[PDB]
Ligand SMILES: NC(=O)c1ccc[n+]([C@@H]2O[C@H](COP(=O)([O-])OP(=O)(O)OC[C@H]3O[C@@H](n4cnc5c(N)ncnc54)[C@H](O)[C@@H]3O)[C@@H](O)[C@H]2O)c1
Ligand SMILES: NC(=O)c1ccc[n+]([C@@H]2O[C@H](COP(=O)([O-])OP(=O)(O)OC[C@H]3O[C@@H](n4cnc5c(N)ncnc54)[C@H](O)[C@@H]3O)[C@@H](O)[C@H]2O)c1
Ligand SMILES: [Zn+2]
Ligand SMILES: [Zn+2]
């Protein structure tokens with residue numbers, strides 16, 4: 001069991017989920033898929049005054065006020081107070097909704113994150129950045145609310161679909177190319193099946209030191225791909241995978257990355273089978289990044305002439 | 001203008017509203033009554049990049065999600081970001097809605113509270129407590145959001161009704177009897193119209209020095225009166241006025257208040273027309289309070305039945 005610390009709360013827990021002892025009532029919030037796979041795993045180890053379950057339907061489209069209201073109403077129905085706890089058993093969609101629901105319920109109550117997806121373990125459960133989607137855009141209504149404790153177990157990752165798993169892997173490389181050169185070297189040489197525990201541990205420490213601009217590597221182009229397709233074609237991690245390549249073309253054109261650096265990142269994406277032919281944040285090196293702003297339109301078009 | 005400092009965050013500005021020059025876009029939120037009385041007063045001395053007004057209907061029944069959604073949507077319509085500002089021009093209902101809307105919009109933006117009611121100038125302004133009402137109860141969904149600046153002008157208080165003004169005095173006496181002996185003696189010997197500024201200044205200081213139990217003096221009984229009457233007959237200050245007297249009956253029976261001290265508070269409420277006939281936290285003399293939790297039911301029932 002590995003315990004990464006932050007500033008100056010709280011405590012992340014890598015490894016098997018331990019026996020959680022609580023002296024107050026707890027509300028578990030999960031999705032339709034996770035509740036039929038990993039809810040027996042949590043309720044086997046949970047001890048509290050009263051435990052009730054609220055289930056949101058699986059999907060990004062359910063990340064709204066309607067589901068947020070349901071989480072709040074379930075907390076009101078079992079009469080939760082200022083000493084109560086909310087438990088998030090799911091991906092980034094669940095953890096953001098529960099964290100925002102707990103922040104506004106009785107002006108702020110404790111909540112615990114137990115991420116199931118690879119992306120949520122390496123990014124979403126860390127930081128306290130919570131929110132919901134609105135008709136005006138994604139994640140524009142939210143709050144900064146830090147969880148009491150984060151529990152990361154590799155057992156939840158085994159039930160994930162390979163396409164959803166690889167989408168999380170593309171997000172790990174994204175953080176590696178901009179922050180940690182040592183994580184790149186691990187992904188280049190070592191097989192992920194043999195060092196999954198070591199990869200996440202390094203990925204969490206990146207986000208722990210972060211908690212910012214830099215995690216948006218391949219997001220400016222990746223957002224544009226999802227807005228043109230639309231969200232019917234690619235998963236978020238797949239769109240960033242193409243977005244990183246588009247960002248690498250702009251970084252090579254501006255003289256930020258060398259030809260060998262451009263190939264090195266693209267070879268690592270090829271190693272994990274993350275090349276997808278379709279159809280602002282750029283690296284200054286393998287393990288570093290720079291913020292580019294005032295870039296000529298013709299330089300962008302020259303990069304956009306690659307499609308790809 | 002006099003400038004009371006809280007601790008580090010923000011400054012109160014007690015007196016005539018000065019020129020507010022801003023380098024960011026601003027959204028003013030007011031109610032139907034205040035907008036037709038005091039909105040021009042603010043607009044003439046406000047300078048910003050863009051100024052738009054959102055008006056909610058006057059009343060306690062409009063303190064909900066429906067009005068909160070409108071405040072957020074108006075901010076989205078004029079394209080407000082994390083640098084933008086919200087302006088609250090109204091009573092405690094407006095300030096709580098705007099403060100909660102600003103706390104969730106782009107995960108937290110700056111907001112300036114300009115209270116118009118006497119209640120909001122002495123209680124709702126300083127604290128950071130924001131929120132809205134739900135079908136499950138009042139002020140159960142909210143957040144702790146500190147304002148950028150508070151502006152208290154006595155010019156807004158002149159348009160208030162007699163009933164609304166005297167109900168705001170009930171909270172001043174509440175804070176005086178439990179914290180400041182000198183403020184009790186000021187209210188007893190001086191006319192309020194002669195030292196209204198000095199009374200507010202001391203009321204802000206008490207609220208500032210506390211920030212907590214003790215501000216709920218007459219709230220335990222006052223909530224029971226409001227729930228029995230279905231929030232129909234009395235205002236919040238009027239129900240607390242009876243609640244303070246009910247608390248005075250329990251404090252007199254325990255020996256916490258002398259008969260002379262008991263009559264002093266009753267005559268103070270009589271001076272501000274706060275006697276309304278019947279049909280935890282009690283004052284320890286004048287200027288002090290005590291938390292009583294283990295009071296026998298027989299004593300509480302003897303306080304009921306309307307004597308003393
Ligand atoms: N700062 C932050 O907190 C931050 C950072 C990154 C992402 N996010 C947010 O997180 C969201 C993305 O999260 P995500 O990638 O987890 O998507 P997701 O939560 O929607 O999960 C993807 C799908 O996988 C399924 N799933 C989850 N766990 C499973 C399990 N263990 N076994 C089988 N299937 C499982 C879910 O049903 C879901 O439909 C985005 O909406 C984004 O806004 C927030
Ligand atoms: N901790 C806190 O922030 C805190 C403290 C006290 C009260 N509150 C909240 O505030 C609410 C009570 O506030 P309130 O007493 O101001 O009620 P209110 O905001 O509804 O104001 C009373 C009425 O007077 C009118 N009015 C306001 N300003 C006026 C003006 N200058 N001239 C003429 N009319 C005017 C309004 O239209 C309103 O209908 C409660 O619902 C409570 O939840 C919060
Ligand atoms: Zn992301
Ligand atoms: Zn009130």
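Structure data summary
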item: Alpha-carbon Debye profile of region B:160-308, log10 I(q)/I(0) at 0.13, 0.18, 0.21 Å⁻¹; result: -0.55, -1.08, -1.47
item: Rounded to whole Å, sorted largest first: equivalent-ellipsoid semi-axes of the protein assembly as shown, Cα gyration tensor; result: 54, 30, 19
item: Shortest-first nm distances, residue A:224 label point to equivalent points in other copies (7 Å, Cα→Cβ); result: 6.7
item: Fraction of beta bridges assigned by DSSP in chain A that are antiparallel (%, nearest 5); result: 30 percent
item: Under the Debye formula (equal points on every Cα, no solvent term), log10 I(q)/I(0) of region B:67-124 at q = 0.15, 0.19, 0.26 Å⁻¹; result: -0.40, -0.61, -1.00
item: Span from the region B:121-158 Cα centroid across to the region B:174-208 one, whole angstrom; result: 20 Å
item: Inter-copy spacing of residue A:258 label points, which lie 7 Å from Cα along Cα→Cβ, given in nm from shortest upward; result: 9.0
item: Exercise: per-residue mean of other protein chain Cβ atoms within 10 Å, A:99-107; result: 4
item: Region A:1-63 - Debye-derived log10 I(q)/I(0), Cα point model, q = 0.28 Å⁻¹; result: -1.10
item: Largest-first ellipsoid semi-axes for region B:93-230, taking √(5λ) over the Cα gyration tensor eigenvalues, angstrom; result: 25, 19, 15
item: Other-copy label distances relative to residue B:188, 7 angstrom Cα-Cβ extension, nm; result: 8.2
item: C-alpha center-to-center spacing [region A:1-16, region B:28-72] in angstrom; result: 45 Å
item: Percent of Cα-Cα distances greater than 27 Å, calculated over region A:1-159; result: 14 percent
item: Cα-based Rg and Dmax for chain B, where Dmax is the largest Cα-Cα distance (Å); result: 20.0, 64
item: Distance between modelled label sites at residue B:138 and residue A:266, nm, 7 Å Cα→Cβ extension; result: 6.6 nm
item: At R0 = 35 Å, FRET efficiency that the Cβ-Cβ distance of residue A:78 and residue B:2 yields, to 0.05; result: 0.15
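Where a number appears in this text, it was derived from the coordinates with a stated rule and is not lab data. When we count neighbours, we look across all protein chains shown, and the Cβ atoms used for this are built from the backbone with ideal geometry, even at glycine.
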